[PDB]
Student: 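I'd like to ask some things about the structure below.
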Amino acid sequence: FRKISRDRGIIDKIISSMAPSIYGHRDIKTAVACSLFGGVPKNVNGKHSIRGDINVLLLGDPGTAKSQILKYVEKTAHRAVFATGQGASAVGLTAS
Amino acid sequence: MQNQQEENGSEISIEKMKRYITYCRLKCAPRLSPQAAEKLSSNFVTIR
Ligand SMILES: Nc1ncnc2c1ncn2[C@@H]1O[C@H](COP(=O)(O)OP(=O)(O)OP(O)(O)=S)[C@@H](O)[C@H]1O
Ligand SMILES: [Mg+2]
């Protein structure tokens, strides 16, 4: 990991490794890379809290392969939970 | 900077603020003085 991260083009290589079945959507793959790697959540002096994870919204016309990107993130991430609004065969987002 | 100011005393700690708010809520319930009433009665009718 240290050897491959020492390379200068590590970020572009990671972005290109995002979702190999998806073609030509480099900006989406970059946003997915930021969301998967994440930032640092910080609580300064206890009182003030700052969120440290990236929220990404893919707004697209249908047939633009957003779903395959979501399944790629599900296979890739450590703890990825898939939920859907229209469908029913999924874990709900509301606590019960 | 917040830690240095809390050591200085120009800002006090959040749990201590919570406990102080509880203390002041149970202990103190102020009254307005009669000399403080006519000023409110004037500064309330000038707005109207
Ligand atoms: N850039 C792309 N690269 C590879 N496959 C693509 C690309 N764009 C579309 N597809 C294919 O087009 C189809 C779209 O299917 P889905 O991604 O499941 O549907 P969708 O893109 O989420 O759009 P919806 O669900 O109707 S809003 C899949 O077979 C994808 O593989
Ligand atoms: Mg879809």
Side-chain angles (χ1 to χ4, degrees), chain A, chain B residues 1-32 36-37 39-48:
Chain A
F1 288 152
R2 304 260 155 192
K3 188 259 289 180
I4 191 167
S5 66
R6 197 260 180 191
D7 177 283
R8 185 48 188 262
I10 177 61
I11 289 161
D12 291 331
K13 160 189 313 175
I14 284 161
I15 291 173
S16 296
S17 182
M18 299 288 111
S21 291
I22 301 299
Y23 182 76
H25 286 126
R26 185 149 179 94
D27 209 32
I28 311 180
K29 284 164 187 179
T30 306
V32 172
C34 311
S35 187
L36 284 188
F37 275 82
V40 176
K42 52 191 63 82
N43 209 324
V44 290
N45 201 25
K47 321 179 171 31
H48 191 103
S49 171
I50 293 171
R51 179 193 65 220
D53 62 358
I54 294 93
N55 291 345
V56 181
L57 174 59
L58 278 69
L59 173 62
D61 308 302
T64 44
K66 310 179 303 284
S67 298
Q68 317 307 286
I69 286 162
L70 295 192
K71 323 270 172 53
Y72 167 76
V73 176
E74 173 147 298
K75 305 174 314 173
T76 303
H78 190 186
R79 179 156 264 260
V81 190
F82 182 76
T84 186
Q86 182 63 79
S89 73
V91 179
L93 292 150
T94 307
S96 62
Chain B
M1 183 278 288
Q2 282 173 35
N3 290 318
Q4 285 177 326
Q5 291 267 17
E6 281 194 0
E7 292 158 18
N8 183 21
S10 296
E11 293 179 353
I12 208 67
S13 170
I14 181 161
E15 290 87 28
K16 188 173 185 292
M17 293 177 71
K18 163 190 279 187
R19 179 66 65 192
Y20 183 65
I21 277 162
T22 308
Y23 180 79
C24 291
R25 186 179 295 276
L26 281 71
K27 299 289 94 175
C28 189
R31 200 149 66 120
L32 282 72
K39 199 86 155 68
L40 291 174
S41 72
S42 63
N43 291 139
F44 166 76
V45 299
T46 178
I47 308 183
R48 309 185 90 86

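Numbering of ligands and ligand atoms starts at 1, following listing order. Lettering of chains follows the sequences in order, A, B, ..., and the numbering in each one begins at 1.
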Student: Report yes if some heavy atom in the side chain of B/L32 is under 4.5 Å from a heavy atom in the side chain of B/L40; otherwise report no.
Tutor: yes
Student: Could you tell me whether atom 28 (C) of ligand 1 has a protein heavy atom closer than 4.0 Å?
Tutor: no
Student: Around atom 26 (O) of ligand 1, find the nearest protein heavy atom and jot down its residue, atom name and distance.
Tutor: A/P62 CB, 3.4 Å
Student: If you compare all heavy atoms of A/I54 against all heavy atoms of A/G38, which two are closest, and at what distance to 0.1 Å?
Tutor: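 Closest heavy-atom pair between A/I54 and A/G38: CD1-CA, 3.7 Å.
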Student: Among all protein heavy atoms in this structure, tell me which lies nearest to atom 14 (C) of ligand 1, with the distance rounded to 0.1 Å.
Tutor: A/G63 CA, 4.1 Å
Student: Could you tell me, atom by atom, which parts of ligand 1 come under 4.0 Å of a heavy atom of A/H25?
Tutor: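 Those qualifying, in numeric order: 1 (N).
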Student: Note the single closest protein heavy atom to atom 7 (C) of ligand 1, along with its residue, its atom name and the distance in Å.
Tutor: A/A65 CB, 3.5 Å
Student: Identify each donor-acceptor pair in which a side-chain atom of residues 66-78 of chain A lies under 3.5 Å from a protein atom, sequence neighbours left out, and give them as a table.
Tutor:
from  : atom 1 : to    : atom 2 : distance (Å)
A/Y72 : OH     : A/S17 : O      : 3.4
A/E74 : OE1    : A/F82 : N      : 3.4
A/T76 : OG1    : A/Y72 : O      : 2.7

Student: In terms of heavy-atom contacts, does CG of B/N43 have more than 12 from other residues, nucleotides or ligands at under 6.0 Å?
Tutor: yes
Student: Specify the protein heavy atom at minimum distance from atom 3 (N) of ligand 1: its residue, its atom name, and the distance to 0.1 Å.
Tutor: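 Atom 3 (N) of ligand 1 sits closest to the protein heavy atom A/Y23 N, 3.2 Å.
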Student: Among all protein heavy atoms, pick out the one at the shortest distance from atom 25 (O) of ligand 1; state its residue, atom name and that distance to 0.1 Å.
Tutor: A/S67 OG, 3.9 Å
Student: Does any non-hydrogen side-chain atom of A/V56 lie less than 4.5 Å from one of A/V32?
Tutor: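 No. Closest side-chain heavy atoms not under 4.5 Å.
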Student: Mark whether atom 22 (O) of ligand 1 lies under 4.0 angstrom from at least one protein heavy atom.
Tutor: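 Given the 4.0 Å cut-off, atom 22 (O) of ligand 1 counts as touching protein heavy atoms.
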Student: Heavy-atom count around A/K42 NZ within 6.0 Å, excluding the residue itself: above 12?
Tutor: yes
Student: Taking C-beta and beyond as the side chain, do B/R48 and B/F44 meet within less than 4.5 Å on heavy atoms?
Tutor: yes
Student: For atom 11 (C) of ligand 1, is there a protein heavy atom at a distance under 4.0 Å?
Tutor: no
Student: Can you confirm, on distance only, whether ligand 1 has an N/O atom lying under 3.5 Å from any N/O atom belonging to A/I22?
Tutor: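 N/O-N/O distance under 3.5 Å: no.
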Student: Among all protein heavy atoms in this structure, tell me which lies nearest to atom 15 (O) of ligand 1, with the distance rounded to 0.1 Å.
Tutor: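 Minimum-distance protein heavy atom for atom 15 (O) of ligand 1 reads A/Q68 NE2, 4.3 Å.
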Student: Any side-chain heavy atom of A/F37 within less than 4.5 Å of one from A/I14?
Tutor: yes
Student: Provide the number and element of each atom of ligand 1 under 4.0 Å from a heavy atom of A/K66.
Tutor: 17 (O), 21 (O), 23 (O), 27 (S)
Student: Using a strict cut-off of 4.0 Å, indicate which atoms of ligand 1 neighbour a heavy atom of A/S21.
Tutor: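 Matching atoms, with element in brackets: 3 (N), 4 (C).
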Student: Is the shortest heavy-atom distance from the side chain of B/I14 to the side chain of B/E6 under 4.5 Å?
Tutor: no
